[PDB]
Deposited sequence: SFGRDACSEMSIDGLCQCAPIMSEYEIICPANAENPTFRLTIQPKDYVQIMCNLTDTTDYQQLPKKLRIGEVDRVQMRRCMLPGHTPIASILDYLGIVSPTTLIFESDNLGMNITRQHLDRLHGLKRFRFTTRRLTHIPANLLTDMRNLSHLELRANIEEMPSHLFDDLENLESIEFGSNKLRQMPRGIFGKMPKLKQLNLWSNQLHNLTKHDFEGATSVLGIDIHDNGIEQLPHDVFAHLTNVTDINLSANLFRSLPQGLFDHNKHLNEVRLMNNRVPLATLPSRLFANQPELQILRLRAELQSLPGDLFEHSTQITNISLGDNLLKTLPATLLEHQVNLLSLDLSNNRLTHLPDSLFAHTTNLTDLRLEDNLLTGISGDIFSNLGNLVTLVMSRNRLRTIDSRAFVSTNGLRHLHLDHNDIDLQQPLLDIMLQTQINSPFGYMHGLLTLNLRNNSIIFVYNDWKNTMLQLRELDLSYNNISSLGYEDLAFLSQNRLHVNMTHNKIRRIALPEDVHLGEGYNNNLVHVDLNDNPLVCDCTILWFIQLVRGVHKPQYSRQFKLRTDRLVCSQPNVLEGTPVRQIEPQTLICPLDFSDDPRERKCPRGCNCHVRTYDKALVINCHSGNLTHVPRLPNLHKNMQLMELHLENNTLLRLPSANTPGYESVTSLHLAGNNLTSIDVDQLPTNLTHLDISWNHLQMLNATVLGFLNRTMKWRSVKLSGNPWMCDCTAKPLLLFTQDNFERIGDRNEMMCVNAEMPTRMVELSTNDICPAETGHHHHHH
């Protein structure tokens, strides 16, 4: 038959071209056409598609010759013209197509109405579909002798079907007449199709269905009449459908349904009443009661309330969708018999409360959807019988309280979604600060996998989340109200790839200690209002290279979009980019001298005192150096200091760095020099000389000496010798000047200066 060889061969003698593609072949005719008359897709033994672009029935002359397709299951013809007074089988013969099971003929370019002749020699078909959007007429003898058809689909804006269309359809099992214009059920047809199981009649205009319409339809298992503009149904419309298992009434116009609508349909397995196009306030008493085989319900119709007896004695129900109605509550007895219920969906209603006993008997419930409602609490009883519940969704309610015993009995629970509520877990601030071991209401659920608390008012990482939930995989704390972190807040013990989201909280400080059980927990800290002061030093060191304590490697923090909010100087810069000596905390004026600003730098434990009013004649009263501090920098640049105080002066006695460039100093006594001093910048002062006692003191201690009017005579010899042997301590040695003429001090010898 047709395969790789026939396709390659088709080029050389080719009015058509063929190219293999994946497991199929695409044939186009003519070969060089932008808009080929025919495009054939061949998947050997499986199907052949003929895509047509015809102007005339004579165009069939451009079909490929000698294709020999062979046996194939499905023939699909699209946009083709009905071949005049010639059977479609003749086109298929020409292509060498053998014994197809299925013929699909979908076209808006018919050229004529379909006829019985068109199906000559195709009486063996099991499946036939005819589809068109042309104004057209199907003659009721079309399906003469089609005694093998099991599946029939006709779509042609059909207004009516004379009963005799069904005369020979003894094997028919499925009818698809959806999307036509049917106003009435054809009479006396079901006796012709004693095996009929599926009756699809959706998107028609069947506004007058009555019981007699289904006389003889005892074989029927499925009836679908969705979107038929139906306003009312008589209570006995389905009386003859005694074996029906699936009914679809969706997308209609009901304002009520009569009581007893399904009383004669005791094999019902699934009913759908979805997207009713008007408000349907409620359902009649016991509508779905006393059904021994009913498993699935889909009900969405703006329902305002349900009667407590709606499902009574219907014990086999496993799936109920009641989402997207207007329910404010449910009667307590609604689910009293539903011992086998697995999934209940009540999402998108207006529920303000559920009776405590509502789920008393649904002990097999595995999935419960309550999201998008107005619930305010979870009581101690509501879920107390729900040992098998696996996922609970209560997103976007108004939840404010969770009873302490709410989750004691839900040992089966694995996925808990409480996102977008008003949950604060009612936690006192001092209990938190005092590091009290406090279990959340979720603490009973050691097996929990997902805890989603996104967008509530949590302020604290609870004990059970870290130490009891050893299997926790996902913990969403984003958009909550956590205001600070310690290393204890990140100590989650779960060994199941735990990911914690703490983005968009109120995290202003993260305080990790200096000091330097084998899991790995990821924590997302992005988008928090971090205050970048001296208090986050070790966190910053952790984020970069330097600091890697014992706890540090138990977790992995995501900080790539964690950005300083304060202070102004650092605002905007990502935590990784921060230089650790920039992290400062101010020292306020009481402490800090009047016209001075002072801060602490934790990176090297320095108290920094800046006084730059430019008008000081004396060193002002200094604050004492904390015993935990190592460095004290006294910045007095460009003032007019006349003298220094003695080294015994409180505060000033502990200074390690004197920055005095640009002052009025005329002499330096060694007893004016603080004892822990390691840097003395006395450049640009009024100094003429330095006593040998000061030079002895300077021997590490670093010095700047330029910009002074040095007196280079015989008394300057010790100073000259000092400078010559202290290349390391005197950065500006080369800029020292002797002012007796002015000559660089480095150009003077001890002989020049001192005869």
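Could you give the ranges of the deposited sequence that carry no C-alpha coordinates?
Sequence ranges with no C-alpha atoms are 517 to 522, 597 to 602, 712 to 715, 758 to 759, 774 to 783.
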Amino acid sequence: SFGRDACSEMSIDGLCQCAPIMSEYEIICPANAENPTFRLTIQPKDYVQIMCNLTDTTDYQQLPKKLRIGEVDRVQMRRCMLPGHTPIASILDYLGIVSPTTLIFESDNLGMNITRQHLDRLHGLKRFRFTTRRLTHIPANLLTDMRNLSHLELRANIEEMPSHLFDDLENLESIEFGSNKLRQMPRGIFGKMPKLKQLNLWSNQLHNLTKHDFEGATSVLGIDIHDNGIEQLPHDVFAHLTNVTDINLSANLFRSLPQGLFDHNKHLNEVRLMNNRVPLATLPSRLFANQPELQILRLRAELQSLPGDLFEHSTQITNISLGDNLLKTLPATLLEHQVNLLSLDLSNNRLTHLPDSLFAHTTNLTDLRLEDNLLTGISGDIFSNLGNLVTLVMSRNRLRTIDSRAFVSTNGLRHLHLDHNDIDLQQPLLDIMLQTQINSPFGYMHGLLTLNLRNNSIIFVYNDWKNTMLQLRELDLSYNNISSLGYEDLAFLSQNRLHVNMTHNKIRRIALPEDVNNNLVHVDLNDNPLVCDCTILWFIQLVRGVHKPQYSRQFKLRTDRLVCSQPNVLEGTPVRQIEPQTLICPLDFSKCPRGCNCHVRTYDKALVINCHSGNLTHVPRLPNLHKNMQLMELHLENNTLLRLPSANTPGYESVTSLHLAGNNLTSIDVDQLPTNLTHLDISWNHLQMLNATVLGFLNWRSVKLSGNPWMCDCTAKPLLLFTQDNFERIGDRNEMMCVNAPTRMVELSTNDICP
From here on, numbers count along this sequence of modelled residues.
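Per the entry, where is the mean C-alpha temperature factor higher: 575 to 583 or 629 to 637?
The stretch with the larger mean CA B-factor is 575 to 583.
Pick between 640 to 648 and 251 to 259: the one whose mean CA B-factor in the entry is higher.
Stretch with the higher mean C-alpha B-factor: 640 to 648.
Just grab whichever of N171, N518, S657, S179 has the top CA B-factor as deposited.
Of the options given, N518 has the highest CA B-factor in the PDB entry.
Residue of maximum C-alpha B factor among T282, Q426, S409, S379, per deposited coordinates
So the option with the highest C-alpha B-factor is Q426.
Sorting by Cα B-factor within the chain, modelled residues only, which third would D213 end up in: lowest, middle or highest?
Middle third - that is where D213 ends up once the chain's C-alpha B-factors are sorted.
Looking at the temperature factor on the CA atom of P331, which third of the chain's modelled residues does it land in?
As the PDB entry reports it, the C-alpha B-factor of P331 lands in the middle third of its chain.
Would you mind ranking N726 by its C-alpha B-factor against the rest of the chain and naming the third, lowest, middle or highest?
For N726, whose C-alpha B-factor we compare with every modelled residue in the chain, the answer is the lowest third.
Check where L622 lands among this chain's C-alpha B-factors and tell me if it's the lowest, middle or highest third.
As the PDB entry reports it, the C-alpha B-factor of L622 lands in the highest third of its chain.
Record-listed C-alpha B factor of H446: chain third:
For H446, whose C-alpha B-factor we compare with every modelled residue in the chain, the answer is the middle third.
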